[PDB]
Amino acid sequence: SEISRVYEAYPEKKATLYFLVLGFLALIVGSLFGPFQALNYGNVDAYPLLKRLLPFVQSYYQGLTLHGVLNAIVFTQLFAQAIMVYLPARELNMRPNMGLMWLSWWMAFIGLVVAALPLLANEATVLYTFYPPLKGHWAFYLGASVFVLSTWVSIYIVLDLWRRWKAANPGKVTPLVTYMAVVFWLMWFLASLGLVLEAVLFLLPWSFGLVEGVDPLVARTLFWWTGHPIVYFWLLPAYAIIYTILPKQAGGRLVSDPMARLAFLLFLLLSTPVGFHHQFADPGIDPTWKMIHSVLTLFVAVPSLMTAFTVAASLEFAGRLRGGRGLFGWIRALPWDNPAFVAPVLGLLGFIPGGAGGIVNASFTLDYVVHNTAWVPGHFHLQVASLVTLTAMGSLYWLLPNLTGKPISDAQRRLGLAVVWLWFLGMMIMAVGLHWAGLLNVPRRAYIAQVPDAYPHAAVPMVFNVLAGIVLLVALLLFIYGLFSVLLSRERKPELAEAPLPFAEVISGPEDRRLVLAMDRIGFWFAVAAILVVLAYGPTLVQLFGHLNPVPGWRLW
C-alpha cells in the first residue's frame, strides 16, 4: 500500500510528515490573529477589518483564545511529536512501534477537531488558560483533554524503542539523541499528571453537568503543575535540534555529548516542581511553598545558562574551522545563507532578553511588578513565538526534504530566510513594545484598542507594536506563501529524502563515560524526579484537596 520505497522501508517517515504538517497548519490559523493583536497594543483597532474578513469571529478574545490554544498548545506539541519521536528512531535506526505512533496522529486530530468546533463557535472562549470559573463547552475540555493524552502514547513508543535498543545492544550506554528524547518524554509524564488530574478529577465532569462548580484555587494549582514543565516540553525538542543538528549545520560539532546529556538530565529533575511561580499572585498557597518554588525556578535556569555556553563555544569552533577571524570573526564566518542555520541562531539571539526577563519573572517578589502585564506576553514571544517557533520554522529547510524529497530551490531558500529575518525582526520590536508597555502597566489579554485613552503613557511603545504587527503580518504571509511551496511543488527527488539526518559528530573526551555513565541510570533519576514533584506539590494538593470549596461557572460573553 505505498511507492516511494522511502516509506515502505520507513513509514514513520510519514507518522512524522503528518504530525508535522497538522502542526504548521495549526500555526498558520493562529499566527494570523497575531498581527491583529499586535495592533491592538499599538492602540489601533483593526478588529473590524478582521471581524468581516472571518465574520465567524465575534470578540477580540475569540481570537486570543484561538491564538493561544492552536499556537502554544497545538503547533508546539505537534512539533514535539515530529522531532522528540522520529529523532530517537533514526539514531537507533529502529522502526518506532508504528501502530501506537499512529493512534497518536489520529488521536491528536479528533481531540483537535473536538475542541475546534466549540472554539470556532464561542462556546469555549475562555483564553488558552481555560481558567475556572469561566466555563467552556463540553467539547472543549474533551478535545483539548484528548489532544494532550496523545503524547502519552508517544511516551510508550519512545520508552518502547528505548528498551528494544537497551537490550539489542546490552551494556552500550544510550545514544545521545534518544537520551534526550528519553528523559524529555519521561519528564512529560511526571508533569502532565497535573492537567490530567484537573481534567479527569475536575474540568470534565463539571464540563458534563456532573457537578455544579469548580474550586479554582486547585483547578489552577493543578493546571500550573502541567503549566510550567509543558513549555520545557515546547522547548527541549528544539534544544535537541540546536544541540545535535545546528552544530553540523554550522560546520562544527557538538563539543560535549556530556554537557548536553547533563542539561537534559537537569531539565527532567527540575521542570516539574516550579509551578507556584505562576501562582505568586494567587492566594491560599503559602509564602514558603511559594519561596520553595522561586529557588527551584532559578535552578531550572541552570540548564539554559549552560545550553548557552555549550552552543556558543559550539557555533564558534565551527565558525573558526571555516576561517574564523578575531573576537567576532567567528560570527561573520557562519552559513548565514541557509535558513536551517539562521532561524534558530536568530532564535537563540533574542533568547537573551528572553531568559533575563524570565529570571525577573521568577524572582518571587519581582513578579508583582510584571505579572499579568504586557511584560509576560513579551517575555514568551522571545521564548516560544520565537526561539522554539523559528527553530521549528527553520527546521523545515532540512527536515522537510528528508521527509518528502522536494529539495529546496534557490527560490525557496532565499525565501526561507527572508521569512525568518522578518519574524525575528518582528518579534524583537514586538518584544520591545510589549516589555515596555507592561512596565507602564498595560494589562495583558486586553482589547485596549477599545478603551483607547486608558493607557496614555504607553504612547511610543504603542508605536513599536503597530510597527510589529505590520512586519509580522508580511512575515506571516511570506511564511504561508513559502511553507505552501515546499509541501506543494511536485518535484520528488527521493535520494536526499533518504539523506540521513544531519546529526553532528560529538567532540569526545575522557571524562565522558564516568559522568555520562552517571546520568544513564535513567531510572534512579526518573524517581529522584517523582520525589521532587511530590515533596513540593505534596504539602499543598492536600491543605487543598481538603478544603474543596467549588463555586459555580459563568459565561461573560
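In this text, residue numbers run from 1 along the sequence as written.
J.: On mean C-alpha B-factor from the PDB entry, just flag whether 325-333 or 433-441 is the higher one.
T.: Mean C-alpha B-factor is greater for 325-333.
J.: Please compare 349-357 with 107-115 and name the stretch with the higher mean C-alpha B-factor in the deposited structure.
T.: Averaged over C-alpha atoms, the B-factors run higher in 107-115.
J.: Between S294, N372, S207, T272, which one tops the list for C-alpha B-factor in the PDB entry?
T.: In this record, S207 carries the highest C-alpha B-factor of the candidates.
J.: Ordered by C-alpha B-factor within the chain, which third holds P48? Give me lowest, middle or highest, please.
T.: Ranked within chain, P48 CA B lands in the middle tercile.
J.: Lowest, middle or highest third: where is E123 by C-alpha B factor in its chain?
T.: As the PDB entry reports it, the C-alpha B-factor of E123 lands in the middle third of its chain.
J.: With respect to C-alpha B-factor, does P96 fall in the lowest, middle or highest third of the chain as deposited?
T.: Tercile = highest for this residue's CA B-factor.
J.: Within this chain's modelled residues, let me know which third the CA B factor of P35 belongs to: lowest, middle or highest.
T.: According to the entry, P35 has a C-alpha B-factor in the chain's lowest third.
J.: Can you work out whether the C-alpha temperature factor of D367 puts it in the lowest, middle or highest third of the chain?
T.: Its C-alpha B-factor belongs to the lowest third of this chain's values.
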